Amino acid sequence: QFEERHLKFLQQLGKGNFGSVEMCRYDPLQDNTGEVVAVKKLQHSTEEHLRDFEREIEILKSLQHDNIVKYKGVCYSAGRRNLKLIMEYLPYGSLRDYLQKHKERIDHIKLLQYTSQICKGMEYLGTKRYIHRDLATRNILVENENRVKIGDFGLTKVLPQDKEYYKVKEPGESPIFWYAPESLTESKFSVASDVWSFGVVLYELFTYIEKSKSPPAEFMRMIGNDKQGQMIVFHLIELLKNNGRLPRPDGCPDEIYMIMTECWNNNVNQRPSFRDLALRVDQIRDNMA
Ligand SMILES: N#CC[C@@H](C1CCCC1)n1cc(-c2nc(Nc3ccc(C4CCNCC4)cc3)nc3[nH]ccc23)cn1
């Protein structure tokens, strides 16, 4: 629907693994009145990566929710390599950097507003049997001071018709410090592993993204910075099996930390649903207000 001749590059907005997003201006009339959009492209157009990208585009096109970034269209040059995904541009960037910038004006009830919006987005995802697999504040975008949106779906899979989990080990680097134990050990991804990751997101928010307090720093201090390569993952597994967990962040109430620890249950079936998390978060929010 968008033709590449009219997309004018302004700057780079973010990079993941295998993809990047650029701020561009769609200006078909060539009079600087077109709208600013975000454009996602692959950094190395493999055909495996291209099929993954087509499936991701199909997933994002099928989602319509207040806390999910909006699909706008696609764009391809000759043949259909150079495939690009057009999305709405969200003016405040990712929640990670935003929260780092404004820690002095974001109080706990605002964090709980963000938490509840994320939970509604994730529950919507679950009703379509989608598993996000990459829930982290770096993947949350800020539309304005009162609204966040889930922003990337490059790792998202659809559950098989007959099972409640999806087994997958991609080559490349994996956000192992947001991963549930069963995802580290058996590469199993389910709604419950997304709930584990959501607990890590809650931790992130309440640390206000102090980098020494990031999940990687804390886990690597708990297992010792000696470890290299595979050993890291191995020790992580073993640390999670003896109920090692990230500590309560400074200033976090015990109710919030209890939500976190309940998401970090070793037993996949004993973890809360996203609807229950939304309820608990909304009642804490209403108690504070
Ligand atoms: N998710 C997610 C993570 C990554 C994707 C992961 C895989 C590829 C990239 N990522 C997505 C966006 C992104 N950013 C924006 N706006 C925006 C506006 C301003 C700023 C700056 C903010 C502060 N001042 C200086 C400039 C940054 C961003 N809009 C978007 N729409 C769709 C995506 C998207 C940015 N990184």
Side-chain angles (χ1 to χ4, degrees), residues 96 108 111-112 114-116 118-119 122-123 126 131-140 155 164-169 173-281 283-284:
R96 171 197 173 265
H108 282 0
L111 293 187
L112 292 192
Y114 299 158
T115 299
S116 147
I118 293 169
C119 267
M122 286 314 291
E123 178 56 55
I131 308 301
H132 185 273
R133 292 189 59 228
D134 206 9
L135 201 44
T137 66
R138 88 195 164 255
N139 291 318
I140 313 301
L155 297 186
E164 284 322 290
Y165 61 86
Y166 191 100
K167 264 200 175 223
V168 63
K169 213 212 178 318
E173 292 289 47
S174 306
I176 65 164
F177 298 118
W178 286 248
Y179 269 5
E182 76 266 16
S183 304
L184 298 164
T185 57
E186 304 168 312
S187 315
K188 293 176 94 160
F189 297 90
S190 62
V191 166
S193 65
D194 275 350
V195 170
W196 178 290
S197 295
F198 169 86
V200 183
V201 171
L202 193 54
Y203 173 88
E204 276 193 274
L205 296 189
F206 274 76
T207 71
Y208 282 88
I209 326 283
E210 185 182 351
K211 268 223 146 156
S212 42
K213 302 289 200 240
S214 77
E218 295 272 1
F219 273 131
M220 284 285 300
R221 271 193 297 270
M222 267 153 69
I223 80 170
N225 304 59
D226 321 328
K227 277 67 163 183
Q228 293 258 351
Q230 220 200 322
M231 271 327 101
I232 292 186
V233 169
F234 181 85
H235 283 101
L236 187 54
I237 282 140
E238 271 316 0
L239 169 86
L240 290 167
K241 196 223 202 170
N242 308 334
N243 280 103
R245 297 294 186 270
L246 297 162
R248 180 184 53 92
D250 309 330
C252 175
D254 222 292
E255 252 176 338
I256 316 298
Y257 194 52
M258 197 145 330
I259 294 187
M260 287 179 214
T261 60
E262 281 176 64
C263 298
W264 298 331
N265 199 322
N266 275 327
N267 301 289
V268 316
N269 66 296
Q270 292 187 317
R271 305 180 185 147
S273 65
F274 276 114
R275 281 178 279 167
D276 280 348
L277 290 167
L279 278 166
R280 287 165 76 176
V281 157
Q283 196 71 277
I284 299 167

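Just so you know, these numbers use all the heavy atoms, side chains as well, and skip hydrogens, waters and symmetry mates. Count residues from 1 along the sequence.
Listed for the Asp134 side chain is no donor-acceptor partner under 3.5 Å among the backbone atoms of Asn139. Of the possible polar contacts, one joining the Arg271 side chain to the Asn265 backbone as a donor-acceptor pair under 3.5 Å is found. Between the side chain of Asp194 and the backbone N or O of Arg133 there is at least one donor-acceptor pair closer than 3.5 Å. Panel note: side chain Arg245, backbone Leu240; a donor-acceptor pair is recorded below 3.5 Å.
Closest approach of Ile259 and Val281 over heavy atoms only: CD1-CG2, 4.1 Å. Closest heavy-atom contact between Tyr257 and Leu246: OH-O, 2.5 Å.
Aromatic ring orientation, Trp264 versus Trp196: tilted (interplanar angle from 30° to 60°). Below 30°, between 30° and 60°, or above 60°: for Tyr179 and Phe189 the angle between ring planes is above 60°, a perpendicular geometry.
Using a 4.5 Å heavy-atom threshold, the side chains of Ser193 and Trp178 count as separate. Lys213 is not listed as a side-chain neighbour of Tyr208, based on a closest heavy-atom distance of 4.5 Å or more. The side-chain heavy atoms of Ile140 and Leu135, taken from C-beta on, include a pair separated by under 4.5 Å. With a 4.5 Å cut-off on side-chain heavy atoms, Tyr114 and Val201 do not count as touching. At a threshold of 4.5 Å between non-hydrogen side-chain atoms, the residues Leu239 and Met222 count as touching. Looking at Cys252 and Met260, their side chains come closer than 4.5 Å, going by heavy atoms from C-beta outward.
Under a cut-off of 6.0 angstrom, the local environment of CD in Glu186 is crowded, with over 12 non-hydrogen atoms contributed by other residues, nucleotides or ligands. The neighbour count for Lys241 NZ, taken as heavy atoms of other residues, nucleotides or ligands under 6.0 Å away, does not exceed 12.
Between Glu238 atom CD and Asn242 atom CG the span is 6.5 Å, to the nearest 0.5 Å. Between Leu112 atom CG and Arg280 atom CZ the span is 12.5 Å, to the nearest 0.5 Å.
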